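K.L.:
One file is attached below, my_file-v2.cif, containing mmCIF, C-alpha atoms and all ligand atoms.
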```cif
data_work
#
loop_
_atom_site.label_atom_id
_atom_site.label_comp_id
_atom_site.auth_asym_id
_atom_site.auth_seq_id
_atom_site.Cartn_x
_atom_site.Cartn_y
_atom_site.Cartn_z
CA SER A 42 -41.23 278.30 114.74
CA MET A 43 -37.86 278.48 112.97
CA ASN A 44 -35.50 276.12 111.16
CA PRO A 45 -31.74 276.28 111.70
CA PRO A 46 -29.47 277.24 108.80
CA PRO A 47 -28.67 274.17 106.73
CA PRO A 48 -25.32 272.40 106.98
CA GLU A 49 -22.58 274.12 104.99
CA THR A 50 -21.88 272.92 101.47
CA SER A 51 -19.05 275.33 100.70
CA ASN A 52 -16.14 276.55 102.84
CA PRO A 53 -12.77 277.68 101.49
CA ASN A 54 -11.14 276.92 104.84
CA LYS A 55 -12.00 273.23 104.64
CA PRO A 56 -9.44 270.98 103.02
CA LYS A 57 -10.72 268.93 100.12
CA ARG A 58 -9.74 266.84 97.18
CA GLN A 59 -11.08 264.56 94.53
CA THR A 60 -10.52 260.83 94.90
CA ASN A 61 -11.78 257.79 93.03
CA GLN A 62 -13.60 256.74 96.19
CA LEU A 63 -15.44 260.05 96.36
CA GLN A 64 -16.24 259.79 92.64
CA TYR A 65 -17.77 256.40 93.36
CA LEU A 66 -19.74 257.85 96.26
CA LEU A 67 -21.37 260.32 93.83
CA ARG A 68 -21.76 258.20 90.69
CA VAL A 69 -22.82 254.97 92.38
CA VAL A 70 -23.90 255.51 95.98
CA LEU A 71 -25.64 258.90 95.97
CA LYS A 72 -27.16 258.30 92.52
CA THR A 73 -28.59 254.92 93.62
CA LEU A 74 -30.15 256.26 96.78
CA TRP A 75 -31.38 259.50 95.20
CA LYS A 76 -33.53 257.72 92.59
CA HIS A 77 -35.10 255.28 95.08
CA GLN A 78 -38.86 255.62 95.60
CA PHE A 79 -38.26 256.36 99.30
CA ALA A 80 -35.55 259.01 98.79
CA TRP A 81 -37.77 262.08 98.78
CA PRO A 82 -37.97 262.80 102.55
CA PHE A 83 -34.17 262.68 102.62
CA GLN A 84 -33.51 264.91 99.58
CA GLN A 85 -33.41 268.13 101.61
CA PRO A 86 -33.15 269.24 105.25
CA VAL A 87 -36.05 268.43 107.56
CA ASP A 88 -38.40 271.45 107.51
CA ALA A 89 -39.49 271.28 111.14
CA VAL A 90 -41.69 274.34 110.70
CA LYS A 91 -43.83 273.05 107.83
CA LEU A 92 -43.91 269.50 109.23
CA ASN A 93 -44.84 270.81 112.72
CA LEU A 94 -41.97 269.06 114.50
CA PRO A 95 -40.87 271.75 116.95
CA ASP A 96 -38.79 269.31 119.00
CA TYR A 97 -36.89 268.01 115.97
CA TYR A 98 -33.86 270.24 116.31
CA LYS A 99 -33.85 269.82 120.09
CA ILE A 100 -33.29 266.08 119.64
CA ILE A 101 -31.28 266.16 116.38
CA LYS A 102 -28.25 268.37 116.92
CA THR A 103 -26.23 267.08 113.94
CA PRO A 104 -28.60 267.49 110.98
CA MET A 105 -27.86 265.75 107.71
CA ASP A 106 -29.69 264.96 104.48
CA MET A 107 -28.89 263.79 100.96
CA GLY A 108 -29.47 267.24 99.45
CA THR A 109 -26.54 268.44 101.52
CA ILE A 110 -24.46 265.36 100.70
CA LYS A 111 -25.24 265.73 96.98
CA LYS A 112 -24.03 269.34 97.03
CA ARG A 113 -20.93 268.41 99.04
CA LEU A 114 -20.05 265.74 96.48
CA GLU A 115 -20.78 267.99 93.48
CA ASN A 116 -18.71 270.76 95.11
CA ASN A 117 -15.83 268.42 95.96
CA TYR A 118 -16.22 269.44 99.61
CA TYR A 119 -14.77 266.32 101.16
CA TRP A 120 -11.18 265.22 101.88
CA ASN A 121 -11.93 261.50 101.98
CA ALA A 122 -14.64 258.88 101.66
CA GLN A 123 -14.96 258.46 105.42
CA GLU A 124 -16.25 262.03 105.79
CA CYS A 125 -19.01 261.36 103.28
CA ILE A 126 -19.86 257.92 104.66
CA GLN A 127 -20.16 259.54 108.07
CA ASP A 128 -22.69 262.03 106.69
CA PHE A 129 -24.84 259.21 105.33
CA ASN A 130 -24.70 257.42 108.66
CA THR A 131 -25.62 260.59 110.55
CA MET A 132 -28.63 260.98 108.27
CA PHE A 133 -29.86 257.44 108.93
CA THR A 134 -29.09 257.56 112.66
CA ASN A 135 -30.96 260.88 113.06
CA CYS A 136 -34.04 259.23 111.57
CA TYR A 137 -33.86 256.32 113.95
CA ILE A 138 -33.19 258.55 116.95
CA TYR A 139 -36.13 260.84 116.22
CA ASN A 140 -38.72 258.28 115.16
CA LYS A 141 -39.91 254.84 116.33
CA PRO A 142 -39.53 251.28 115.06
CA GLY A 143 -42.04 250.43 112.38
CA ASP A 144 -42.82 254.05 111.47
CA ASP A 145 -43.11 254.59 107.71
CA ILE A 146 -40.13 256.99 107.71
CA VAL A 147 -38.00 254.37 109.49
CA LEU A 148 -39.00 251.72 106.91
CA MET A 149 -37.91 254.20 104.25
CA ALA A 150 -34.55 254.91 105.88
CA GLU A 151 -34.03 251.14 106.29
CA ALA A 152 -34.59 250.54 102.60
CA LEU A 153 -32.13 253.27 101.61
CA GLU A 154 -29.62 252.09 104.18
CA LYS A 155 -29.79 248.52 102.85
CA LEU A 156 -28.79 249.76 99.41
CA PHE A 157 -26.15 252.05 100.89
CA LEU A 158 -24.56 249.08 102.66
CA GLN A 159 -24.66 246.99 99.50
CA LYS A 160 -22.89 249.70 97.54
CA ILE A 161 -20.25 250.67 100.09
CA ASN A 162 -19.30 247.02 100.43
CA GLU A 163 -17.67 247.50 97.02
CA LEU A 164 -16.07 250.87 97.62
CA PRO A 165 -13.05 250.72 95.30
CA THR A 166 -9.50 250.65 96.60
CA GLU A 167 -7.97 254.12 96.66
CA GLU A 168 -5.99 254.77 93.44
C1 LIG B 1 -40.48 265.79 104.04
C2 LIG B 1 -40.33 264.83 105.16
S1 LIG B 1 -38.84 264.71 106.06
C3 LIG B 1 -39.45 263.44 107.13
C4 LIG B 1 -40.80 263.15 106.79
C5 LIG B 1 -41.29 263.95 105.69
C6 LIG B 1 -42.67 263.91 105.09
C7 LIG B 1 -41.56 262.13 107.46
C8 LIG B 1 -42.25 261.13 106.71
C9 LIG B 1 -41.98 260.92 105.32
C10 LIG B 1 -42.65 259.95 104.55
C11 LIG B 1 -43.62 259.13 105.17
CL1 LIG B 1 -44.46 257.97 104.26
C12 LIG B 1 -43.90 259.31 106.54
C13 LIG B 1 -43.23 260.29 107.30
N1 LIG B 1 -41.41 261.91 108.73
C14 LIG B 1 -40.73 262.81 109.60
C15 LIG B 1 -41.16 262.61 111.09
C16 LIG B 1 -42.61 262.67 111.19
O1 LIG B 1 -43.26 261.85 111.89
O2 LIG B 1 -43.26 263.58 110.45
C17 LIG B 1 -44.69 263.74 110.31
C18 LIG B 1 -45.42 263.97 111.66
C19 LIG B 1 -45.21 262.46 109.62
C20 LIG B 1 -44.90 264.98 109.38
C21 LIG B 1 -39.26 262.69 109.38
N2 LIG B 1 -38.33 262.19 110.19
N3 LIG B 1 -37.18 262.15 109.53
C22 LIG B 1 -37.40 262.59 108.27
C23 LIG B 1 -36.33 262.64 107.25
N4 LIG B 1 -38.71 262.92 108.17
CL CL B 2 -15.85 274.50 99.76
#
```
Could you write out this file's structure as structure tokens?
Ligand SMILES: Cc1sc2c(c1C)C(c1ccc(Cl)cc1)=N[C@@H](CC(=O)OC(C)(C)C)c1[nH]nc(C)[n+]1-2
Ligand SMILES: [Cl-]
P.N.:
Amino acid sequence: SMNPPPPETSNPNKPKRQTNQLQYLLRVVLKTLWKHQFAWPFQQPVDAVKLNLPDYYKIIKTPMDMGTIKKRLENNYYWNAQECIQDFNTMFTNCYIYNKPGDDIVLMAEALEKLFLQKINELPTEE
């Protein structure tokens, strides 16, 4: 069994900038979700080898996790907030696609997603 390489967190060919929205996504959104009691399965890529999920990366072809997002924010990898918001949504959607309603991991994603929604509702206007 073998895991794929993780998503990239650096790339000089990718355009990027800092924005107050992206600052908010790190200081408020990522920080809030990262400290949550249910964050830990989402803090790094799914290790399909150690978890014995050999079909994981047959079903999930756009991997994402908060470890990757955290690095992308810390590295100022993004051009805009939408790119980062999309990564969070991919992470949640992957969980729901792979798993089943009522599963513990789905309850965990739901709890993180609730907070994510609450925070992005007050994404500041671009300055
Ligand atoms: C490190 C990680 S990453 C992860 C899990 C764990 C443990 C857990 C999980 C985490 C916490 C609790 Cl309470 C229950 C399950 N679930 C798997 C899928 C699965 O069913 O795995 C087992 C067969 C359970 C190994 C899954 N899907 N998406 C993610 C992000 N995860
Ligand atoms: Cl980069």
K.L.:
Ranking A:107, A:126, A:114, A:63 by minimum distance to residue 87 in chain A and counting all atoms listed in the file, which one comes first?
P.N.:
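For residue 87 in chain A, the nearest of the candidates is A:107.
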K.L.:
With a distance cut-off of 12 Å and all atoms listed in the file, select the neighbouring residues of residue 64 in chain A, excluding the residue or stretch itself and same-chain residues fewer than 3 positions from it, and output the selection as number ranges by chain.
P.N.:
A: 58-61, 67-72, 111, 113-122, 125, 164-165, 167-168
K.L.:
Mind giving me the straight-line distance from atom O1 of ligand LIG 1 (chain B) to CA of residue 139 in chain A in Å, one decimal?
P.N.:
8.4 Å
K.L.:
Please identify every polymer residue within 9 Å of ligand LIG 1 (chain B), using all atoms listed in the file, and present the set as a PyMOL selection string.
P.N.:
chain A and resi 79+81-89+91-94+97+106+132-133+135-137+139-141+144-150
K.L.:
Quick one, how far is CA of residue 159 in chain A from CA of residue 76 in chain A?
P.N.:
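Going from CA of residue 159 in chain A over to CA of residue 76 in chain A, I get 15.5 Å.
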K.L.:
Just to confirm, what's the straight-line distance from CA of residue 105 in chain A to CA of residue 162 in chain A in Å (one decimal)?
P.N.:
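These two atoms are separated by 21.8 Å.
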K.L.:
Throw together the list of residues within 6 Å of ligand CL 2 (chain B), counting only C-alpha atoms and all ligand atoms, and drop it here as number ranges by chain.
P.N.:
A: 51-53, 118
K.L.:
For residue 98 in chain A, which residue among A:110, A:42, A:56, A:65 is the nearest when counting all atoms listed in the file?
P.N.:
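Selected residue with least distance to residue 98 in chain A: A:42.
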K.L.:
Of the candidates A:99, A:166, A:124, A:77, which shows the shortest atom-to-atom distance to residue 152 in chain A, using all atoms listed in the file?
P.N.:
A:77
K.L.:
So which one's closest to residue 158 in chain A, A:123, A:130, A:46, A:143? Using all atoms listed in the file, please.
P.N.:
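Among A:123, A:130, A:46, A:143, it is A:130 that comes nearest to residue 158 in chain A.
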K.L.:
Hey, which of A:43, A:161, A:153, A:101 ends up closest to residue 138 in chain A? Count only C-alpha atoms.
P.N.:
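Nearest to residue 138 in chain A: A:101.
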K.L.:
Choose the residue, out of A:157, A:163, A:131, A:112, that has the smallest atom-to-atom separation from residue 49 in chain A; count all atoms listed in the file.
P.N.:
A:112
K.L.:
As AutoDock Vina command-line options, please report the centre and edge lengths, rounded to one decimal in Å, of the axis-aligned box that holds all listed atoms of range 91-109 of chain A with 8 Å of padding on each of the six sides.
P.N.:
```
--center_x -35.5 --center_y 268.4 --center_z 109.8 --size_x 34.6 --size_y 25.3 --size_z 36.6
```
